Amino acid sequence: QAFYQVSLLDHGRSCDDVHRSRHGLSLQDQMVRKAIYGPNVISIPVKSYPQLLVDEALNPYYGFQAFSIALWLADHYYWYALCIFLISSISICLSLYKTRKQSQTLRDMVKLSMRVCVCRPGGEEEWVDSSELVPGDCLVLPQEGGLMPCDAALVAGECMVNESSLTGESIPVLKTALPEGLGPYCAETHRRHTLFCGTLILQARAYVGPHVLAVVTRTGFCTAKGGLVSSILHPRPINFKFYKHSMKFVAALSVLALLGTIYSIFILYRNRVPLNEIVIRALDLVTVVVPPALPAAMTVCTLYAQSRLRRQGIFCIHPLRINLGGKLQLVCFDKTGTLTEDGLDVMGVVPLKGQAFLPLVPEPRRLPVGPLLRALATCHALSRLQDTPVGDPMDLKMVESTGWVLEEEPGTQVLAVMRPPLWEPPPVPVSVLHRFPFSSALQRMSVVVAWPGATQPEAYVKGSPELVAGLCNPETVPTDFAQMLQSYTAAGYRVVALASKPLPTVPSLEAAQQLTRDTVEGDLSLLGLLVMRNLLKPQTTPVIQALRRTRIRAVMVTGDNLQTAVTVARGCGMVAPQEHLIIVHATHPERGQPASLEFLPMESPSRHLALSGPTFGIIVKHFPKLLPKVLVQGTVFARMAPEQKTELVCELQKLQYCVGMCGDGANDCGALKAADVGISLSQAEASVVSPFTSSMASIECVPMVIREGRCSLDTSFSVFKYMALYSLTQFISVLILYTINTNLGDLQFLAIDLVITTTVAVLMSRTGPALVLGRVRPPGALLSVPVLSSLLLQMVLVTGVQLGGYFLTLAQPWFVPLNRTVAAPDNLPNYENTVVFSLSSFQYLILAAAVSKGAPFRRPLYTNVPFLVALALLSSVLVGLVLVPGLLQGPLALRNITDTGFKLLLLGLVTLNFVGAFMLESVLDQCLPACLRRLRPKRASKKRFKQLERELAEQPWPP
Ligand SMILES: Nc1ncnc2c1ncn2[C@@H]1O[C@H](COP(=O)(O)OP(=O)(O)O)[C@@H](O)[C@H]1O
Ligand SMILES: *[C@@H]1O[C@H](CO)[C@@H](O)[C@H](O)[C@H]1NC(C)=O
Ligand code: ALF
Ligand SMILES: [Mg+2]
């Protein structure tokens, strides 16, 4: 009767229900469920070519150009129509290629199919089906190096999986068996028992089970790998798109087009040409005003920039966003693997005798056998790859520091057995009973471990110092724990605290392993603090100094302790030594206490604010009026959960800041997607994780993403402004002829539009970006006073030389007057056509050189090379033709002029116009300040960030 969403069908499923779904029906249920859900295939439509063309041809311009071709054919200027078709043909081919390439990349990612082993309710079938996989299907996963087709909760056993594409996470991720329960929660809601579509399985092992077996949850390409590709198809728009502002500027040109048309009507009525004939002249005037090569030129800008970035390594999707790059005002960054260096030496461990802390051991090897050694060795979730161990750089560096070595493949629920170094001045090899994974939000990991001693099993928890110390029973927790940790965090050593609890369970029993994560991480005794050292990436310190110099503010958003983040921030130059940092702190509103905000300064040898994640939580919920003041003044947001990073992005965006994100981790995945320009620095090739994936592991990417964006925005504005200048230059030329004896050209028009303008337009879009990122932001409105001024003033100079030419031509003593008695197509030679075309031809080229204006955002024009050769070549051909048309006289329909003097006068006028155009654009750059000061002495931006800044300047936060 009424359709129900697949999510709505399977939203309330119990923990038990996922186990109920396991060993699902072989065929009848499969078929009906598969029919209801639909086939498990990516929904990218496949088009041979002509299938695309019909859809592609529906664009409104294409209709107008088709009408124009017919109109020009009716006028019998076949040649101009021959060009007008050909330029549209180039436009459609390039648009087709652009569209085809954009789909092809996405389609190539999702073009994967492989034979799958599927479990029957009383069966275990092998390689039976893949694309037809049942929505609730249970399958046995491959042993090693196996891509997972569907998002499936793991019912039994443990899996090691590479999720690099899905989460931006290169490091191997542990997967564990789901626990059946009366409560219903989704596998995604667990966010760990689920195995995600399109993720490689490094290894798969069942300690107790015969093999690893998983039950499919959300599937059919509409979730995970496809859910994100599906996002890339029909993508989210950008608000207040600059094309609207250009469309307003087109209306200013529309007034000129109407004014021209009425001028023509009066001239034609005065001329007394047939009314039927005058309509064709009016129609030609309107069609000429439309530029044929603009629609192609807009595509070629983007395609060249994608080309420029692909070579730099910054692999891009949604190429429209490259311009958005140009406008970004703040760039958010992450601490570890981006601002700092991935991989960290263990700078020893600190042990505690009783309540008191003992002095730090430089090398973890030289320590007594007991809890801390075992915890340091066993806490990690490292697995053994072919002749090697694979894990998180921190956990890997820790175990190598201990000197204990992981045992290989060769009880029941016993895994990752840890072999001792077997050097003595007890070896007691130790085996893990239960593994708990590490979640960024959760901020800790835990293990249950047993030994041949066969005592009560001991649970070891390695986590963030504050949370672990808080979780520990306050018996062992030292009085000065905070102050002692403050030494290590202030130094800039990433610190993880280890806590041990003796657990009263039966050792080496599978059943005994089953336990509540909270119950294992409940009552705890603080054991020691690890002192990991992460060092700043060499290039980070430079890029941040440039981004601060441009006045694009850099905010730091991190899950690590506030003092370490402050040390990294003070190091990079987020906060310079001259600048002052305030630590906003908040007390929770609860019992008899209301919410309290306390601001305490920090002093080290622009009023920068550093806020812990929890303080920001209280500020957003219980101080909404203050949030604008802190988010426009906050530089080092720290101890932030993955969800909190998205909130900073969203609140900074609602304040009208254009955000950017350059994180390299699973924690940032949310923030990267939400942010305007999102960059994932550790990924290889194109990925769905971020809009602007990089393959360089540095912040050196971020300047390049801005620098190219500003170039693309200036190229878009230059190509638009040159296309307007050409059309008005054509309008003036065709009109000067329309008044004067009702004449035009055919082969001449093909030559100008097809060779002079289309070649220059495509070739002017490959100049490339400026060397250094600049203070001045690229101009963002096409309908601006400088742009409008520049175009209008230049067209006056175009007309001046053009009219001057005609006056000089008529004034020439040898000059023979025209006919003004026969139709424009019939009068194949006209003495005026020769002069007007010959003067105008060169000026069409000159406009591009003046328009280029390559300095703040783009490199000098000469550096282009293919443009510069074409400009010179076409100029040389035109110089050659104007001096001696020879053979080309006949095709050009040129009236041969023997006199050298008038040709030199004509060359002089073009040179004068050229000098004029260059002088006018240089004058325009110099004149802007005087104009701006007089037009507006002072102004206030509607955007909230610029006002809140100005308010804070007038009255600061309480000092
Ligand atoms: N493998 C781990 N097991 C337990 N705790 C960890 C582990 N790695 C990091 N931590 C701690 O938990 C915090 C949360 O990490 P995360 O949010 O991913 O940020 P980051 O890794 O940048 O510090 C870390 O800052 C650190 O204190
Ligand atoms: C110009 O063209 C006309 C055709 O109308 C023809 O008589 C002769 O070639 C020239 N003379 C005049 C009448 O303008
Ligand atoms: F490594 Al982070 F936020 F600093 F993920
Ligand atoms: Mg990270």
# chains A, B, ... in the order shown; residues from 1 in each chain; ligands from 1
call {"tool": "residues_near_ligand", "arguments": {"ligand": "ligand 4", "cutoff": "6 Å", "atoms": "only C-alpha atoms and all ligand atoms", "output": "list in words"}}
result
residues 336, 337, 664 and 665 of chain A
call {"tool": "write_last_selection", "arguments": {"atoms": "C-alpha atoms", "output": "compact mmCIF listing (two decimals), in the first residue's frame"}}
result
# COMPACT_ATOMS: atom_id res chain seq x y z
CA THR A 336 49.01 13.93 15.60
CA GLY A 337 49.91 12.68 12.07
CA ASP A 664 44.58 12.68 8.70
CA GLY A 665 42.46 10.34 11.02
call {"tool": "select_by_dssp", "arguments": {"residues": "region 386-614 of chain A", "states": "alpha helix (DSSP H)", "output": "VMD selection string"}}
result
chain A and resid 393 to 402 465 to 471 481 to 491 510 to 513 517 to 520 540 to 549 562 to 572 613 to 614
call {"tool": "residues_near_ligand", "arguments": {"ligand": "ligand 1", "cutoff": "6 Å", "atoms": "only C-alpha atoms and all ligand atoms", "output": "short mmCIF file (atom, residue, chain, number, x, y, z; two decimals) with N, CA, C and O atoms, in the first residue's frame"}}
result
data_model
loop_
_atom_site.label_atom_id
_atom_site.label_comp_id
_atom_site.auth_asym_id
_atom_site.auth_seq_id
_atom_site.Cartn_x
_atom_site.Cartn_y
_atom_site.Cartn_z
N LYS A 335 46.36 17.53 15.59
CA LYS A 335 47.69 17.53 16.25
C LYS A 335 48.58 16.40 15.73
O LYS A 335 49.72 16.72 15.32
N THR A 336 48.14 15.13 15.81
CA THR A 336 49.01 13.93 15.60
C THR A 336 48.80 13.34 14.21
O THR A 336 47.63 13.05 13.88
N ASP A 395 51.25 1.99 19.93
CA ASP A 395 51.18 0.65 20.59
C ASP A 395 52.37 -0.22 20.11
O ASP A 395 52.98 -0.86 20.98
N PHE A 438 40.12 0.17 21.06
CA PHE A 438 40.25 1.62 21.38
C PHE A 438 39.35 2.41 20.41
O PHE A 438 39.54 2.27 19.19
N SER A 440 38.27 6.55 19.72
CA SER A 440 38.66 7.98 19.93
C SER A 440 37.72 8.66 20.94
O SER A 440 38.25 9.35 21.83
N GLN A 443 38.31 6.91 24.48
CA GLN A 443 39.62 7.42 25.00
C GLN A 443 40.35 6.40 25.90
O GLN A 443 41.17 6.85 26.75
N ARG A 444 40.12 5.08 25.75
CA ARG A 444 40.91 4.02 26.45
C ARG A 444 40.79 2.67 25.72
O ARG A 444 39.86 2.52 24.90
N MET A 445 41.70 1.74 26.03
CA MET A 445 41.66 0.30 25.64
C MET A 445 41.91 -0.56 26.89
O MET A 445 42.62 -0.08 27.80
N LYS A 462 44.83 0.69 29.41
CA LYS A 462 45.70 1.80 28.92
C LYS A 462 44.80 2.86 28.28
O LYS A 462 44.04 2.49 27.36
N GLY A 463 44.88 4.12 28.74
CA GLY A 463 44.01 5.21 28.25
C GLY A 463 44.52 6.61 28.55
O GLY A 463 45.62 6.73 29.14
N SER A 464 43.73 7.62 28.16
CA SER A 464 43.97 9.07 28.45
C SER A 464 44.16 9.27 29.95
O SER A 464 43.42 8.64 30.72
N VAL A 496 49.92 8.47 28.13
CA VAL A 496 48.81 7.48 28.33
C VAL A 496 49.07 6.77 29.67
O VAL A 496 50.23 6.33 29.89
N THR A 558 41.90 18.93 18.55
CA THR A 558 42.68 17.73 18.98
C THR A 558 41.91 16.93 20.03
O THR A 558 41.22 17.59 20.82
N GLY A 559 42.13 15.62 20.12
CA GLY A 559 41.68 14.76 21.25
C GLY A 559 42.69 14.63 22.39
O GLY A 559 42.33 13.96 23.39
N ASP A 560 43.90 15.22 22.28
CA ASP A 560 45.01 15.08 23.28
C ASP A 560 44.86 16.15 24.37
O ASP A 560 44.05 17.08 24.19
#
call {"tool": "closest_residue", "arguments": {"among": "A:871, A:824, A:803, A:953", "to": "ligand 2", "atoms": "only C-alpha atoms and all ligand atoms"}}
result
A:824
call {"tool": "residues_near_ligand", "arguments": {"ligand": "ligand 2", "cutoff": "7 Å", "atoms": "only C-alpha atoms and all ligand atoms", "output": "list in words"}}
result
residues 818, 819, 820, 821 and 822 of chain A
